[PDB]
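One structure is given below, encoded as structure tokens.
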Amino acid sequence: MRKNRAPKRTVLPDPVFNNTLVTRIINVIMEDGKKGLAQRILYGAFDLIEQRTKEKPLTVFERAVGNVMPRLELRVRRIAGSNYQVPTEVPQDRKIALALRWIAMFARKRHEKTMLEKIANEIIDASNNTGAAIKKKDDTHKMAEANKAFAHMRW
Amino acid sequence: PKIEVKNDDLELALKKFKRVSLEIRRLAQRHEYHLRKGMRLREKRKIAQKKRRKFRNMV
Amino acid sequence: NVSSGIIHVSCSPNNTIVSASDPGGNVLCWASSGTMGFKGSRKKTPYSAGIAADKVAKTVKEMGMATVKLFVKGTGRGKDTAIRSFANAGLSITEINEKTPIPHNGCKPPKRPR
Amino acid sequence: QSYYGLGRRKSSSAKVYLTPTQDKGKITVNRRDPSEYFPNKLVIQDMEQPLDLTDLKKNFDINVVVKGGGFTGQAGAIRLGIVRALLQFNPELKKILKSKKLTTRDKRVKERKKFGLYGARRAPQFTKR
Ligand SMILES: [Mg+2]
Ligand SMILES: [Mg+2]
Ligand SMILES: [Mg+2]
Ligand SMILES: [Mg+2]
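Protein chains in written order, with the authors' numbering: chain F, 1 to 155; chain T, 2 to 60; chain J, 8 to 121; chain H, 4 to 132.
Shown next as structure tokens:
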């Protein structure tokens, strides 16, 4: 009942590593509209990644996001009682957006010290397929695999 | 309702079996719930009229 | 240990059953949506019928048959999912005969639910 | 032969003077080092965006005068001013600049607050019961 598809604004390439995902995750960890503070958090986390992993921070970040990045989504559809879920293949853009959102949400909840180290350690843990965003992706994947039967009927 | 696969292709066998199963399922579902004689006659006449009008408009 | 056989695929509206049998009687293996592990209303979905057909097809292929006459029965919904599952398993489907009981206006069916 | 450009953004004017020089560009904003004028929050790359992809090896001496706005608005204003002064030197850059759309005024300005609303578009909380 809208019959119009929304436009899309430019993502902008990052001006340090020339990787758009860096700008995307900056905007995701944005709070109170503080671009400077978000950029400081990201670059400090990347420097801590340099100090710890002894590898390229952009490569480590890509290895983390690609591993956290899900495949199936379960859409809620109620008919009579409760909701029976529906597995659908997601577009690549929404796939990346969900990966970044999960990364930030599970990074801002860990027990550690300053958010710099928080997000840095979350990224290094997700780089090895052992983390909280990993658990989230596993849970949604297993739920979709369980409710594979109703995949044919969507709406 | 035997249909031979003919071992030349398989999709053809299913293409015929779809029909055979459809006209079979019609009577199978007809003989599932009990309706009065008058109501059964009414349903038969309704089906015949639907088919007749469809054939009239398709011919 | 037999090359040719019959596969009775019965598709009730509530559940499905696949029985692989010797050409004359003497069923050799069987499976159903219930034995798959599906319970309740999920047993009547075509995906469960495909799973049951796949398991019985794998079992009887490891047992070592080639040619199958597929006797389709009942009036469920996943009546063709089992057909495609057996075709994808790759056994030589020879006949597609359908033997769901039809009456000649004998016996009174149950009441119509409302 | 100097070039002059006038950019604007979020009510912040800019006057950019491009001087031909061959001893490093040495960008300068309002008689102060840009690294000290701006928070240096990498917004420098924002103003260098039209002067990076084409060239800055031409070592243009930059004389920037900005009066108004914050710092992102000022950066956008001097970006537009640099582009518009660049339209006065070898207009062949005009096509490439237009391609990525660095030669159009952004037109985005803050809306006016409306009565009965907590802001430009926000509305009070609605209760039904
Ligand atoms: Mg009555
Ligand atoms: Mg009943
Ligand atoms: Mg207020
Ligand atoms: Mg209330």
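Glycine is no exception: its CB is placed at the ideal position from the N, C-alpha and C atoms.
Taking the straight line between their C-alpha atoms, what separation do you get for residue i and residue j?
i	j	result
J/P110	T/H32	7 Å
J/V9	J/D29	8 Å
J/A27	J/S39	12 Å
H/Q128	H/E114	21 Å
J/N95	F/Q85	28 Å
F/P57	H/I85	34 Å
J/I100	T/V6	7 Å
H/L9	F/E145	60 Å
T/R43	T/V21	25 Å
H/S16	F/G44	34 Å
F/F17	H/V46	15 Å
J/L98	J/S19	24 Å
J/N22	J/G41	8 Å
J/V34	J/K46	24 Å
F/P91	J/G113	57 Å
F/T59	F/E122	15 Å
J/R119	T/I25	20 Å
T/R37	J/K106	28 Å
H/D109	H/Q48	18 Å
F/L100	F/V28	7 Å
H/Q25	H/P94	21 Å
residue 137 of chain J	T/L23	Here chain J covers residues 8 to 121 and nothing more, so residue 137 of chain J does not appear.
J/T82	J/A56	13 Å
T/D10	T/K17	12 Å
H/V68	F/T23	30 Å
J/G71	J/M43	22 Å
T/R27	T/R54	19 Å
H/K97	F/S127	44 Å
F/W155	F/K135	29 Å
F/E112	H/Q52	38 Å
F/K137	F/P70	6 Å
J/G12	T/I4	17 Å
F/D93	F/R2	22 Å
F/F61	F/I124	8 Å
H/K70	F/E55	45 Å
F/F150	J/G31	38 Å
H/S102	H/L54	15 Å
T/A49	J/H15	34 Å
Can you tell me where the alpha helix (DSSP H) holding residue i begins and where it ends?
i	result
J/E105	Looking at the DSSP string, J/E105 is not in any alpha helix (DSSP H), and its letter there is neither H nor E.
J/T42	40 to 43
F/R75	First-last for F/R75: 72 to 77, but that is the beta strand (DSSP E), not the alpha helix (DSSP H).
F/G36	35 to 53
J/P53	53 to 70
T/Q50	38 to 59
H/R125	Segment: none, H/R125 is in no alpha helix (DSSP H) and carries neither H nor E.
T/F18	12 to 31
F/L21	20 to 29
J/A94	88 to 96
F/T59	57 to 68
H/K98	96 to 103
How far does the beta strand (DSSP E) with residue i in it extend, from its first residue to its last?
i	result
J/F78	74 to 81
J/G12	11 to 18
H/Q4	Per DSSP, H/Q4 belongs to no beta strand (DSSP E) and is neither H nor E.
F/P87	84 to 89
J/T23	23 to 28
I'd like to confirm something about residue i: is its beta-carbon nearer than 7 Å to some heavy atom of ligand 6, or not?
i	result
T/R37	This structure simply doesn't include ligand 6; it includes ligand 1, ligand 2, ligand 3 and ligand 4 instead.
Legend entry - Runs of beta strand (DSSP E) lying entirely within the stretch 20 to 91 of chain H, each at least 3 residues, in chain order: 64 to 70
Inset, instruction - At 4 residues or longer, and completely inside the stretch 96 to 153 of chain F: list those alpha helix (DSSP H) runs for me, N to C. - result: 115 to 126, 132 to 146
Inset, instruction - Pull out every residue of the stretch 24 to 52 of chain H whose Cβ sits closer than 7 Å to any Cβ of chain F, in chain order. - result: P42, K44, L45, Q48
Legend entry - Residues passing the C-beta test against ligand 2 heavy atoms, cut-off 7 Å: J/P117, J/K118, J/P120
Legend entry - Members of the stretch 48 to 66 of chain J near chain F, C-beta cut-off 8 Å: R49, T52, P53, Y54, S55
Inset, instruction - Can you give me, in chain order, the residues of the stretch 33 to 55 of chain F that have a beta carbon less than 8 Å from any beta carbon in chain H? - result: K35, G36, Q39
Legend entry - Contact list for the stretch 13 to 24 of chain F against chain H, Cβ threshold 8 Å: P15, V16
Legend entry - Contacting positions in the stretch 91 to 115 of chain J - beta carbon closer than 7 Å to chain T: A94, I100, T101, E102, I103, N104, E105, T107, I109, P110, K115
Inset, instruction - Collect the residues with a C-beta less than 6 Å away from any heavy atom of ligand 4 and give them in sequence order along the chain. - result: H/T130, H/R132
Legend entry - Selection of the stretch 131 to 150 of chain F by Cβ proximity to chain J, strictly under 9 Å: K148, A149, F150
Inset, instruction - Pull out every residue of the stretch 6 to 29 of chain T whose Cβ sits closer than 9 Å to any Cβ of chain J, in chain order. - result: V6, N8, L11, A14, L15, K17, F18, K19, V21, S22, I25, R26, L28, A29
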